[PDB]
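> Attaching a single structure in structure tokens format; questions to follow.
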Amino acid sequence: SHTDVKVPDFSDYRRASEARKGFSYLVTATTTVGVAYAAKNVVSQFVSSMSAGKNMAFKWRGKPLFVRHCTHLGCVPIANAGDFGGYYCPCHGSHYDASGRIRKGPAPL
Amino acid sequence: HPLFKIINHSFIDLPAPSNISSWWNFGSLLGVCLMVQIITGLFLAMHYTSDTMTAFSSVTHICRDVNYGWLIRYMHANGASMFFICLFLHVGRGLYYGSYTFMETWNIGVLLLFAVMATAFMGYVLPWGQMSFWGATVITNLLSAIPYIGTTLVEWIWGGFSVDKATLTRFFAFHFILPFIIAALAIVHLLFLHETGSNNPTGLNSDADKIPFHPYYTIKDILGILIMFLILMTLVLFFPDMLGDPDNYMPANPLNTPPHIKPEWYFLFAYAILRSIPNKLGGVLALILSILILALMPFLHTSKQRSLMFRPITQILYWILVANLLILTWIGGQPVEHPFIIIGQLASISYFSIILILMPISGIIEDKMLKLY
Amino acid sequence: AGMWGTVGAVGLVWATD
Amino acid sequence: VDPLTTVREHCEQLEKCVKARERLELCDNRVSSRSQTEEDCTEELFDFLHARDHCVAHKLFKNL
Amino acid sequence: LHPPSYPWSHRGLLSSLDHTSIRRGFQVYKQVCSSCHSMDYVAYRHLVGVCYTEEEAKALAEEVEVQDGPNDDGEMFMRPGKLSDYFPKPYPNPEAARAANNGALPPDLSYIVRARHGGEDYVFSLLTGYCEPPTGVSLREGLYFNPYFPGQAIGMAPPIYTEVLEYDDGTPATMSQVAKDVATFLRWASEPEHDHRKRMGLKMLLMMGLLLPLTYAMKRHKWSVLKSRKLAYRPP
Amino acid sequence: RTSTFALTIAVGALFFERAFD
Amino acid sequence: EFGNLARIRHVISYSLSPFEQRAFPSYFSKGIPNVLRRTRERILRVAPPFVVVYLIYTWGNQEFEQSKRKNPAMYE
Ligand code: HEC
Ligand code: HEM
Ligand code: HEM
């Protein structure tokens with residue numbers, strides 16, 4: 001009935017309270033730490049895979065090496081053209097002086 | 001929430017049997033692997049080209065220069081091997097515990113296998129080594145066996161008179177798609193199963209004892225994922241070439257061939273079967289049946305008990321089947337000479353006779369012993 | 001929840017390095 | 001002096017290699033024993049070779 | 001013939017390649033094997049290792065002028081090389097090699113060890129296993145009997161003899177010492193990451209030894225509840 | 001505390017990375 | 001879903017708190033003896049086939065070996 005059967009003895013499984021809980025949490029904490037440690041390693045290297053009056057240029061180091069006698073969006077300034085006798089970038093109208101200084105337009109530096 | 005309802009319906013509040021053993025982990029492992037194979041395949045595809053001109057090279061570059069390439073490439077190869085290990089154990093679980101009575105799940109299943117097999121050939125042929133080249137020609141020629149339209153089909157696939165760049169580039173796409181393809185077919189798998197729920201090792205109706213999946217079979221799947229990752233990383237970081245054939249590192253000799261040519265282990269037996277049948281066509285057919293015999297399996301169940309937990313004679317026949325499957329895997333490796341051939345011929349005869357004849361007769365006998373028949 | 005923002009930030013710095 | 005030669009010699013001295021060599025010697029002698037025969041001895045040669053070689057590796061690399 | 005076992009040091013599970021030897025084997029390749037073989041996929045940058053740092057590699061990088069540089073038309077060989085310069089090739093065209101190799105082909109040896117079943121052993125054996133042809137031996141063209149060689153008609157000319165070359169380190173250049181040393185280098189090049197990896201594998205074993213019992217303990221926590229569940233049937 | 005549990009764990013993973021690396 | 005699954009009646013199901021039960025019951029100590037029992041029970045039906053196999057492999061290898069083995073007498 002309601003009271004005929006008392007709860008069976010689980011002592012066999014029973015452990016000797018917050019301390020027990022803390023230990024178990026500590027375990028989860030360490031494991032999470034382990035997962036995270038691996039994460040930084042894996043993700044980093046994971047991402048790491050994708051990691052590696054006239055002008056003249058010789059494409060030094062894969063970029064135009066202007067040598068003469070765009071800060072804006074990266075086009076090639078056209079030498080011997082423009083309103084400042086230096087350069088002009090047909091992309092957005094940046095005029096560079098012979099010194100290569102941006103004088104007019106939207107080129108930042 | 002209509003997106004969280006499906007996720008809850010399939011992974012959190014799904015009623016699962018409380019007594020399913022570790023085997024039942026393996027299918028989830030397969031899903032994790034597919035993910036791994038695919039993601040690895042992406043990076044493998046990155047920094048890679050389908051050009052016989054640069055395919056073998058950039059890959060060597062992956063092995064040599066690509067940032068952590070050696071790691072992603074050998075993770076991809078040994079993850080394909082781990083995929084086939086988990087696939088074989090998943091199919092063996094389905095055969096042993098009578099899970100083939102879920103017929104739609106099994107058929108999505110049997111198809112899934114053929115597909116995975118192909119992705120292997122795909123991934124295999126792609127590095128353009130000596131072994132890849134001579135392996136591709138071999139199986140592509142398998143198709144030529146077709147009675148009337150064979151020649152055309154072979155030439156179609158090859159895209160020319162003989163496998164050459166035309167093949168490499170197209171095989172590349174299938175090997176980029178079949179993975180996506182199989183992935184979806186698996187999704188079908190999960191649906192056709194939740195309609196019926198998973199089976200238990202006793203083979204009985206487990207409706208009286210079902211538990212949630214989130215706290216009970218999730219941490220179990222996480223532990224199985226951790227163990228599978230341990231085996232995969234000790235396969236990659238310690239013995240990266242115990243399962244491959246060194247021939248791979250040989251740029252394909254369009255002209256020369258490997259004195260010893262062997263299909264990879266996962267299919268070794270498959271070809272073992274072919275080697276056995278004298279007739280070319282016969283071999284191709286038997287080969288196909290080898291995989292297809294499984295699909296045929298739900299119509300051969302003649303027992304009143306679903307699982308083999310309480311069926312000892314069919315347990316003995318099952319372990320004899322696993323035994324001569326291992327024998328066929330060994331024979332494929334052995335060269336063509338006595339007595340490897342005879343074993344191959346018998347082993348194939350015993351394989352087809354155990355699956356086709358011996359197990360239903362044994363199930364009838366077992367039903368007779370329990371005063372049921 | 002307040003500390004979660006903080007927790008994430010801490011781990012973020014670590015991971016991002 | 002190549003330690004390889006020395007070690008090879010030493011291993012040969014090993015009674016095991018000595019007996020393996022005995023086989024080879026008997027067999028190479030057999031090579032010359034008959035003409036119309038096909039006593040190539042490659043098999044016995046290889047037999048001794050591997051046996052001795054095992055011994056060699058067993059005690060060569062360290063010298064190396 | 002099945003090549004027997006060999007106690008390669010680097011092969012040790014957690015141990016790594018001995019660069020000193022590797023270095024010595026790169027010398028051996030540079031002075032002997034490069035006349036018919038070339039580490040194409042290997043570059044002086046790839047060559048970098050304790051055996052040869054980029055600096056030393058640079059010396060070697062500058063040590064060559066063959067096909068390192070092209071001319072007005074990029075033909076023949078026209079200029080020396082630098083760090084990025086890839087390893088020089090004994091032949092600018094396959095035919096060249098074929099021509100200067102009995103018509104046969106001296107394979108570049110970049111991945112040679114990986115290519116050969118039991119390569120490291122094979123290599124050592126082939127280079128030092130010509131042995132003796134007891135009978136029925138008809139070497140046709142520039143061949144060399146070698147039971148270790150599949151056909152005993154290697155045609156890989158035996159290029160190493162006692163003091164075949166002279167090791168800069170001074171370690172006696174015995175055929176075997178030479179063979180073993182170059183072997184190391186060849187192995188090193190075939191897997192420029194052998195050492196890199198084994199360190200990962202050690203970290204992986206330590207992390208799995210930490211993480212497997214802890215995840216097992218969690219699982220057994222959350223599964224203890226059921227594993228202690230006591231069922232009782234109490235028909236009224 | 002749950003939140004601190006995660007917090008200390010994140011920090012634990014943070015330092016462990018450096019130490020293990 | 002949970003609920004509406006099976007008409008199970010009168011099946012009291014006692015249980016104990018996870019943090020209350022010993023955290024990690026000895027597996028080697030208690031479980032493996034039974035595991036041994038479990039494995040020994042089935043192995044008696046599992047290894048027999050493999051017992052046969054190993055034999056096949058062994059015999060085959062040596063047999064094939066002898067097959068290759070040439071007899072000096074052959075063509076002598
Ligand atoms: C002066 C000539 C010459 C030198 C020096 C030489 N080789 Fe070769 N090697 C050849 C030729 C010619 C072939 C082509 C043989 C063939 O294709 O049948 C060859 C082929 C090979 C092969 C292919 C055999 C196989 O298993 O497929 C290997 C391996 C090889 N050599 C290793 C070496 C090693 C190792 C060294 C030195 C440490 C070396 N060779 C030095 C001429 C040379
Ligand atoms: C859509 C996802 C995938 C992509 C993009 C992909 C891409 C590639 C690429 C580029 C390669 C060549 C690089 C290499 O040599 O390793 C390759 C090789 C391979 N892939 Fe895949 N793959 C994918 C999924 C799979 C799957 C699911 C399998 C398993 C069935 C698989 C099995 C292989 C195998 C066996 C190789 C040969 C590895 C070797 O060289 O030894 N791949 N994959
Ligand atoms: C693409 C490869 C496959 C994947 C990714 C896959 C994945 C899964 C997953 C995640 C489950 C649910 C978990 C489980 O039941 O243990 C499952 C169940 C199942 N799969 Fe597969 N599976 C694949 C191939 C196969 C094949 C080839 C077969 C047939 C031999 C098969 C037969 C089954 C069966 C019978 C079940 C239900 C078993 C049960 O719960 O009692 N699967 N599969």
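Please note that chains go A, B, ... in the order of the structure tokens, that every chain numbers its residues from 1, and that ligands are numbered from 1 in the order shown.
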Residues within 6 Å of ligand 3, counting only C-alpha atoms and all ligand atoms: report them as a ChimeraX atom specification.
/B:24-25,27-28,30-31,91,94,99-100,106,109-110,112-113,182,186,198-200
> Could I get the residue neighbourhood of ligand 1 at 9 Å, counting only C-alpha atoms and all ligand atoms, as a PyMOL selection string?
chain E and resi 25+28-29+31-37+97-98+100-109+112-113+115-117+119+122-124+126-127+142-143+149-150+153-160+178-179+182-183+186
> Convert the current residue selection to file output with N, CA and C atoms, as a CSV table (one decimal), in the first residue's frame.

chain,number,residue,atom,x,y,z
E,25,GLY,N,72.7,13.8,-44.7
E,25,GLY,CA,72.0,13.3,-45.9
E,25,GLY,C,71.7,14.3,-46.9
E,28,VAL,N,74.9,14.5,-48.7
E,28,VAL,CA,75.0,13.3,-49.6
E,28,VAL,C,74.2,13.4,-50.9
E,29,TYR,N,72.9,13.9,-50.7
E,29,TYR,CA,72.1,14.2,-51.9
E,29,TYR,C,72.7,15.2,-52.8
E,31,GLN,N,75.9,16.2,-53.2
E,31,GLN,CA,77.1,15.8,-53.8
E,31,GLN,C,77.0,14.5,-54.7
E,32,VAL,N,76.0,13.7,-54.4
E,32,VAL,CA,76.0,12.4,-55.2
E,32,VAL,C,74.6,12.3,-55.9
E,33,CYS,N,73.5,12.4,-55.2
E,33,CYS,CA,72.2,12.0,-55.7
E,33,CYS,C,71.6,13.1,-56.7
E,34,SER,N,72.1,14.3,-56.6
E,34,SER,CA,71.5,15.4,-57.4
E,34,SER,C,71.9,15.3,-58.8
E,35,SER,N,72.8,14.5,-59.2
E,35,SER,CA,73.2,14.4,-60.6
E,35,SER,C,72.2,13.7,-61.5
E,36,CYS,N,71.3,12.9,-60.8
E,36,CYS,CA,70.2,12.3,-61.6
E,36,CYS,C,68.9,12.5,-60.8
E,37,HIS,N,69.0,12.9,-59.6
E,37,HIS,CA,67.8,13.1,-58.8
E,37,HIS,C,67.7,14.6,-58.3
E,97,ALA,N,66.9,13.4,-68.3
E,97,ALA,CA,67.2,12.4,-67.4
E,97,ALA,C,67.2,11.0,-68.1
E,98,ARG,N,66.1,10.7,-68.8
E,98,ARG,CA,66.1,9.5,-69.5
E,98,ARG,C,67.3,9.3,-70.3
E,100,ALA,N,70.3,10.5,-69.8
E,100,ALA,CA,71.4,10.3,-69.0
E,100,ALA,C,71.2,9.3,-67.9
E,101,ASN,N,70.3,8.3,-68.2
E,101,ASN,CA,70.0,7.3,-67.2
E,101,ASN,C,69.7,6.0,-67.9
E,102,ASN,N,70.5,5.6,-68.9
E,102,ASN,CA,70.3,4.3,-69.6
E,102,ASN,C,68.9,4.3,-70.3
E,103,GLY,N,68.3,5.5,-70.5
E,103,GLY,CA,67.0,5.6,-71.1
E,103,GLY,C,66.0,5.4,-69.9
E,104,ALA,N,66.4,4.9,-68.8
E,104,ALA,CA,65.6,4.8,-67.6
E,104,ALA,C,65.4,6.1,-66.9
E,105,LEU,N,64.7,6.1,-65.9
E,105,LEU,CA,64.4,7.4,-65.2
E,105,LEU,C,64.9,7.4,-63.7
E,106,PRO,N,65.8,8.4,-63.4
E,106,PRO,CA,66.2,8.6,-62.1
E,106,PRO,C,65.1,9.4,-61.4
E,107,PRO,N,64.3,8.9,-60.6
E,107,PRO,CA,63.2,9.6,-60.0
E,107,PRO,C,63.6,10.7,-59.0
E,108,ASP,N,63.0,11.9,-59.1
E,108,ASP,CA,63.3,12.9,-58.2
E,108,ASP,C,63.0,12.2,-56.9
E,109,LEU,N,63.7,12.6,-55.8
E,109,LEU,CA,63.6,11.8,-54.6
E,109,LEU,C,62.8,12.6,-53.4
E,112,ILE,N,60.3,10.1,-52.3
E,112,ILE,CA,60.7,8.7,-52.6
E,112,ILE,C,60.4,7.7,-51.4
E,113,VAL,N,60.8,8.1,-50.2
E,113,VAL,CA,60.7,7.2,-49.1
E,113,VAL,C,59.2,6.8,-48.9
E,115,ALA,N,57.0,6.9,-51.1
E,115,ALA,CA,56.5,6.1,-52.2
E,115,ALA,C,56.8,4.6,-52.1
E,116,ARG,N,58.0,4.3,-51.6
E,116,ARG,CA,58.4,2.9,-51.6
E,116,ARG,C,57.8,2.1,-50.4
E,117,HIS,N,57.2,1.0,-50.6
E,117,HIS,CA,56.8,0.2,-49.5
E,117,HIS,C,58.0,0.0,-48.6
E,119,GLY,N,59.8,2.2,-47.3
E,119,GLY,CA,60.8,3.0,-48.0
E,119,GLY,C,62.1,3.1,-47.2
E,122,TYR,N,63.8,0.1,-47.5
E,122,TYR,CA,64.1,-0.2,-48.9
E,122,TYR,C,65.3,0.6,-49.3
E,123,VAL,N,65.2,1.9,-49.1
E,123,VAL,CA,66.2,2.8,-49.6
E,123,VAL,C,67.6,2.3,-49.1
E,124,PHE,N,67.7,2.1,-47.8
E,124,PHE,CA,68.9,1.7,-47.2
E,124,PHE,C,69.3,0.4,-47.9
E,126,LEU,N,68.4,-1.0,-50.8
E,126,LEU,CA,68.8,-0.9,-52.2
E,126,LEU,C,70.2,-0.3,-52.3
E,127,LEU,N,70.4,0.8,-51.7
E,127,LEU,CA,71.7,1.5,-51.8
E,127,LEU,C,72.8,0.6,-51.2
E,142,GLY,N,73.5,-0.9,-67.8
E,142,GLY,CA,73.8,-0.1,-66.6
E,142,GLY,C,73.0,-0.5,-65.4
E,143,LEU,N,72.8,-1.8,-65.3
E,143,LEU,CA,72.1,-2.3,-64.2
E,143,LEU,C,73.0,-2.8,-63.1
E,149,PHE,N,66.6,-4.9,-54.6
E,149,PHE,CA,65.9,-4.3,-55.7
E,149,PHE,C,64.9,-5.3,-56.2
E,150,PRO,N,63.8,-4.9,-56.6
E,150,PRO,CA,62.7,-5.8,-57.1
E,150,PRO,C,63.3,-6.7,-58.2
E,153,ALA,N,68.0,-5.7,-60.9
E,153,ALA,CA,68.6,-5.0,-62.0
E,153,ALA,C,68.3,-3.6,-61.7
E,154,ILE,N,68.7,-3.1,-60.6
E,154,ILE,CA,68.4,-1.7,-60.2
E,154,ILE,C,68.6,-0.6,-61.3
E,155,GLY,N,69.8,-0.6,-61.8
E,155,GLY,CA,70.1,0.5,-62.7
E,155,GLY,C,70.2,1.8,-61.9
E,156,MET,N,70.0,1.7,-60.6
E,156,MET,CA,70.2,2.9,-59.8
E,156,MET,C,71.7,2.7,-59.5
E,157,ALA,N,72.5,3.4,-60.1
E,157,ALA,CA,73.9,3.1,-60.0
E,157,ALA,C,74.3,3.2,-58.6
E,158,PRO,N,75.1,2.2,-58.1
E,158,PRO,CA,75.5,2.3,-56.7
E,158,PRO,C,76.4,3.5,-56.6
E,159,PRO,N,76.0,4.5,-55.9
E,159,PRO,CA,76.8,5.8,-56.0
E,159,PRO,C,77.5,6.0,-54.6
E,160,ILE,N,77.5,5.0,-53.7
E,160,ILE,CA,78.1,5.2,-52.4
E,160,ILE,C,79.2,4.2,-52.1
E,178,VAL,N,77.2,6.9,-44.7
E,178,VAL,CA,76.6,7.7,-45.7
E,178,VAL,C,75.2,7.4,-46.0
E,179,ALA,N,75.0,6.1,-46.2
E,179,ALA,CA,73.6,5.6,-46.6
E,179,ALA,C,72.6,6.0,-45.5
E,182,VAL,N,72.0,9.9,-45.3
E,182,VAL,CA,71.2,10.5,-46.4
E,182,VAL,C,69.8,10.0,-46.2
E,183,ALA,N,69.6,8.8,-45.7
E,183,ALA,CA,68.3,8.2,-45.5
E,183,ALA,C,67.6,9.2,-44.6
E,186,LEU,N,66.5,12.2,-46.5
E,186,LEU,CA,65.4,11.9,-47.4
E,186,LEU,C,64.1,11.8,-46.6
> Could you list, as a list in words, every residue of chain F that has an atom within 12 Å of an atom of chain E, counting only C-alpha atoms?
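Residues of chain F within 12 Å of chain E, counting only C-alpha atoms: residues 16, 17, 19, 20 and 21 of chain F.
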> Please identify the residues whose atoms come within 8 Å of ligand 2, using only C-alpha atoms and all ligand atoms, and report them as a ChimeraX atom specification.
/B:33-46,48-49,56,59,73-74,76-81,83-84,116-127,172,175-180,244,248
> Those residues with C-alpha atoms, as a CSV table (one decimal), in the first residue's frame please?

chain,number,residue,atom,x,y,z
B,33,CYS,CA,32.6,12.1,-39.2
B,34,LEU,CA,30.7,13.2,-42.3
B,35,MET,CA,31.0,16.7,-41.0
B,36,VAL,CA,34.7,16.1,-40.5
B,37,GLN,CA,35.3,14.6,-43.9
B,38,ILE,CA,33.4,17.4,-45.5
B,39,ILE,CA,35.1,20.2,-43.6
B,40,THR,CA,38.5,18.6,-44.1
B,41,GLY,CA,37.6,18.1,-47.7
B,42,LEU,CA,36.9,21.9,-48.0
B,43,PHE,CA,40.4,22.8,-46.9
B,44,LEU,CA,41.7,19.9,-49.0
B,45,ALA,CA,39.8,21.5,-51.9
B,46,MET,CA,41.2,24.9,-50.9
B,48,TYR,CA,44.0,22.4,-54.3
B,49,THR,CA,43.3,22.3,-58.0
B,56,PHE,CA,49.4,16.4,-57.2
B,59,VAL,CA,48.6,18.8,-52.4
B,73,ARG,CA,45.0,16.3,-45.4
B,74,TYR,CA,45.8,13.3,-43.1
B,76,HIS,CA,40.7,13.9,-44.2
B,77,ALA,CA,42.2,10.6,-45.3
B,78,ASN,CA,42.1,8.9,-41.9
B,79,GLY,CA,38.6,10.4,-41.3
B,80,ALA,CA,37.5,8.6,-44.5
B,81,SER,CA,38.9,5.5,-43.0
B,83,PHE,CA,33.9,6.9,-41.6
B,84,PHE,CA,34.1,3.4,-43.1
B,116,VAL,CA,29.7,6.5,-49.3
B,117,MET,CA,31.6,3.9,-51.3
B,118,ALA,CA,31.6,6.2,-54.3
B,119,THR,CA,32.8,9.2,-52.3
B,120,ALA,CA,35.7,7.0,-51.4
B,121,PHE,CA,36.6,6.3,-55.0
B,122,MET,CA,36.1,10.0,-55.6
B,123,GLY,CA,38.4,11.2,-52.8
B,124,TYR,CA,40.8,8.4,-53.7
B,125,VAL,CA,41.2,9.3,-57.4
B,126,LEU,CA,41.6,13.0,-56.6
B,127,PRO,CA,45.3,13.3,-55.5
B,172,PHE,CA,36.3,16.4,-58.4
B,175,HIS,CA,33.5,14.3,-54.7
B,176,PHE,CA,32.4,17.7,-53.8
B,177,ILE,CA,28.7,16.9,-54.2
B,178,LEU,CA,28.2,13.3,-53.2
B,179,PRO,CA,29.3,14.3,-49.8
B,180,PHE,CA,26.6,17.0,-49.8
B,244,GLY,CA,47.2,4.0,-47.1
B,248,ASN,CA,50.0,7.7,-53.4
> Give me, as a count of residues only, the contact residues of chain E against chain D at a cut-off of 12 Å, counting only C-alpha atoms.
47
> Which distance in Å separates CA of residue 14 in chain C and CA of residue 237 in chain B, to one decimal?
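Separation of CA of residue 14 in chain C and CA of residue 237 in chain B: 25.9 Å.
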> Residues of chain B within 10 Å of chain G, counting only C-alpha atoms, what are they? List them as a VMD selection string.
chain B and resid 9 13 to 15 205 to 212 312 to 313 315 to 324 326 to 327 330 to 331 334 337 to 340 343
> Quick check, in Å to one decimal: how far apart do CA of residue 18 in chain G and CA of residue 218 in chain E lie?
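Computed distance, CA of residue 18 in chain G to CA of residue 218 in chain E, equals 10.5 Å.
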> Using DSSP on the backbone, list every residue of range 13-45 of chain D that comes out as alpha helix (DSSP H), and give them as number ranges by chain.
D: 13, 15-33, 42-45
> Fewer than 4 positions away in the same chain doesn't count, so skip those; otherwise give me all residues within 12 Å of residue 4 in chain A, counting only C-alpha atoms, as a PyMOL selection string.
(chain A and resi 8) or (chain E and resi 234+236)
> Please produce an output containing N, CA, C and O atoms for each residue in the selection, written as a PDB file, in the first residue's frame.

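Listed below is the output, part-v5.pdb:
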ATOM      1  N   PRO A   8      13.854   1.416  -0.902  1.00  0.00           N
ATOM      2  CA  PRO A   8      14.908   0.406  -0.808  1.00  0.00           C
ATOM      3  C   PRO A   8      16.233   1.065  -0.482  1.00  0.00           C
ATOM      4  O   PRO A   8      16.352   2.276  -0.642  1.00  0.00           O
TER       5      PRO A   8
ATOM      6  N   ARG E 234       4.164  -3.524  -7.809  1.00  0.00           N
ATOM      7  CA  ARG E 234       3.269  -3.658  -6.684  1.00  0.00           C
ATOM      8  C   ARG E 234       1.840  -3.759  -7.159  1.00  0.00           C
ATOM      9  O   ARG E 234       1.057  -2.837  -6.981  1.00  0.00           O
ATOM     10  N   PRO E 236      -1.890  -4.175  -7.057  1.00  0.00           N
ATOM     11  CA  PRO E 236      -2.690  -3.854  -5.876  1.00  0.00           C
ATOM     12  C   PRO E 236      -3.064  -5.117  -5.142  1.00  0.00           C
ATOM     13  O   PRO E 236      -3.131  -5.104  -3.915  1.00  0.00           O
TER      14      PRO E 236
END
> Any idea what's packed within 10 Å of residue 7 in chain F, counting only C-alpha atoms, ignoring anything in its chain fewer than 5 positions away? Could you give it as an MDAnalysis selection string?
(chainID A and resid 29) or (chainID C and resid 3:11) or (chainID F and resid 1:2 12:13)
> Could the residues of chain E within 7 Å of chain G, counting only C-alpha atoms, be given as an NGL selection string, please?
:E and (217 or 220-222 or 224-225 or 228-235)
> Interatomic distance between CA of residue 303 in chain B and CA of residue 191 in chain B?
26.7 Å
> Pick out the residues sitting within 9 Å of residue 83 in chain E, and hand them over as number ranges by chain; count only C-alpha atoms, and ignore anything fewer than 6 positions along from it in its own chain.
E: 43-45, 54-55, 57-62
> Distance cut-off 12 Å, counting only C-alpha atoms - which residues of chain A neighbour chain G? Return them as JSON, numbers by chain.
{"A": [1, 2, 5, 6, 7, 8, 9, 10, 11, 12, 13, 14, 15, 16, 17, 18, 19, 20, 21, 22, 23, 24, 25, 27]}
> Go ahead and save the residues from that selection, with N, CA, C and O atoms, as a tab-separated table (two decimals), in the first residue's frame.

chain	number	residue	atom	x	y	z
A	1	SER	N	0.79	-1.22	0.00
A	1	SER	CA	0.00	0.00	0.00
A	1	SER	C	0.82	1.27	0.00
A	1	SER	O	1.97	1.27	-0.45
A	2	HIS	N	0.25	2.35	0.51
A	2	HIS	CA	0.99	3.59	0.59
A	2	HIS	C	2.26	3.42	1.42
A	2	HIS	O	3.33	3.87	1.03
A	5	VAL	N	5.78	-0.62	1.54
A	5	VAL	CA	7.15	-0.74	1.07
A	5	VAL	C	7.96	0.52	1.31
A	5	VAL	O	7.66	1.58	0.76
A	6	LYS	N	9.00	0.42	2.13
A	6	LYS	CA	9.85	1.57	2.39
A	6	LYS	C	10.89	1.69	1.29
A	6	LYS	O	11.21	0.70	0.63
A	7	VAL	N	11.41	2.89	1.08
A	7	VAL	CA	12.37	3.10	0.02
A	7	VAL	C	13.52	2.13	0.18
A	7	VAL	O	14.10	2.02	1.25
A	8	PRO	N	13.85	1.42	-0.90
A	8	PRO	CA	14.91	0.41	-0.81
A	8	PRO	C	16.23	1.06	-0.48
A	8	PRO	O	16.35	2.28	-0.64
A	9	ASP	N	17.21	0.29	-0.02
A	9	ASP	CA	18.49	0.87	0.38
A	9	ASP	C	19.40	1.16	-0.81
A	9	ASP	O	19.85	0.24	-1.49
A	10	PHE	N	19.68	2.43	-1.04
A	10	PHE	CA	20.56	2.81	-2.14
A	10	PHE	C	21.96	3.07	-1.63
A	10	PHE	O	22.83	3.49	-2.40
A	11	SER	N	22.21	2.82	-0.35
A	11	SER	CA	23.52	3.11	0.23
A	11	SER	C	24.61	2.53	-0.63
A	11	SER	O	25.69	3.11	-0.76
A	12	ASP	N	24.33	1.38	-1.23
A	12	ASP	CA	25.32	0.74	-2.07
A	12	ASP	C	25.79	1.79	-3.04
A	12	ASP	O	26.99	1.91	-3.29
A	13	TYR	N	24.86	2.55	-3.60
A	13	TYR	CA	25.23	3.63	-4.49
A	13	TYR	C	25.47	4.93	-3.74
A	13	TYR	O	26.23	5.79	-4.17
A	14	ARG	N	24.83	5.06	-2.58
A	14	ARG	CA	24.93	6.30	-1.82
A	14	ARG	C	26.31	6.80	-1.45
A	14	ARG	O	27.14	6.04	-0.95
A	15	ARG	N	26.56	8.08	-1.69
A	15	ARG	CA	27.83	8.65	-1.29
A	15	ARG	C	27.61	9.38	0.01
A	15	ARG	O	26.49	9.79	0.31
A	16	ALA	N	28.67	9.54	0.79
A	16	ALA	CA	28.57	10.26	2.05
A	16	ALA	C	27.70	11.50	1.89
A	16	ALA	O	27.83	12.24	0.92
A	17	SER	N	27.31	18.75	2.19
A	17	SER	CA	26.79	18.18	0.96
A	17	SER	C	27.20	19.03	-0.23
A	17	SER	O	27.44	18.52	-1.33
A	18	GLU	N	27.29	20.34	-0.02
A	18	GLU	CA	27.68	21.24	-1.09
A	18	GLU	C	29.10	20.93	-1.53
A	18	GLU	O	29.47	21.20	-2.68
A	19	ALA	N	29.90	20.36	-0.64
A	19	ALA	CA	31.27	20.00	-0.99
A	19	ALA	C	31.25	18.99	-2.12
A	19	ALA	O	32.00	19.13	-3.09
A	20	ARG	N	30.40	17.98	-2.00
A	20	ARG	CA	30.29	16.99	-3.06
A	20	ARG	C	29.92	17.70	-4.35
A	20	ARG	O	30.53	17.47	-5.39
A	21	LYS	N	28.93	18.58	-4.28
A	21	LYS	CA	28.49	19.29	-5.47
A	21	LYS	C	29.64	20.09	-6.05
A	21	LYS	O	29.88	20.04	-7.26
A	22	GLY	N	30.38	20.79	-5.20
A	22	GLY	CA	31.47	21.61	-5.68
A	22	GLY	C	32.48	20.77	-6.43
A	22	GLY	O	32.95	21.15	-7.49
A	23	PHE	N	32.81	19.61	-5.87
A	23	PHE	CA	33.77	18.73	-6.52
A	23	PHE	C	33.27	18.36	-7.91
A	23	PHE	O	34.02	18.44	-8.88
A	24	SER	N	32.00	17.97	-8.00
A	24	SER	CA	31.44	17.60	-9.29
A	24	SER	C	31.48	18.77	-10.26
A	24	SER	O	31.78	18.59	-11.44
A	25	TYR	N	31.16	19.95	-9.76
A	25	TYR	CA	31.23	21.12	-10.60
A	25	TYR	C	32.68	21.32	-11.01
A	25	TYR	O	32.99	21.52	-12.18
A	27	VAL	N	34.82	19.33	-11.54
A	27	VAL	CA	35.10	18.44	-12.65
A	27	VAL	C	34.60	19.04	-13.95
A	27	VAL	O	35.35	19.13	-14.92
> Hey, what does DSSP flag as strand (DSSP E or B) within range 7-155 of chain E? Can you give it to me as a PyMOL selection string?
chain E and resi 43+69+79+86
> Would you mind listing, as a compact mmCIF listing (two decimals) with C-alpha atoms, in the first residue's frame, all residues of chain E that have at least one atom within 7 Å of chain B, where only C-alpha atoms are what counts?

# COMPACT_ATOMS: atom_id res chain seq x y z
CA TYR E 111 58.67 11.78 -51.64
CA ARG E 114 56.93 7.57 -48.79
CA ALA E 115 56.53 6.10 -52.25
CA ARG E 116 58.41 2.89 -51.58
CA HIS E 117 56.79 0.20 -49.52
CA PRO E 192 59.08 18.03 -43.41
CA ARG E 197 53.56 16.33 -35.68
CA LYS E 198 54.96 14.06 -33.01
CA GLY E 201 50.67 13.80 -30.84
CA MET E 208 43.16 12.78 -23.90
CA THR E 215 34.19 13.00 -19.36
CA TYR E 216 33.68 9.39 -18.24
CA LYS E 219 28.75 10.54 -17.94
CA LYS E 222 24.43 11.71 -15.04
CA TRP E 223 23.95 7.99 -15.63
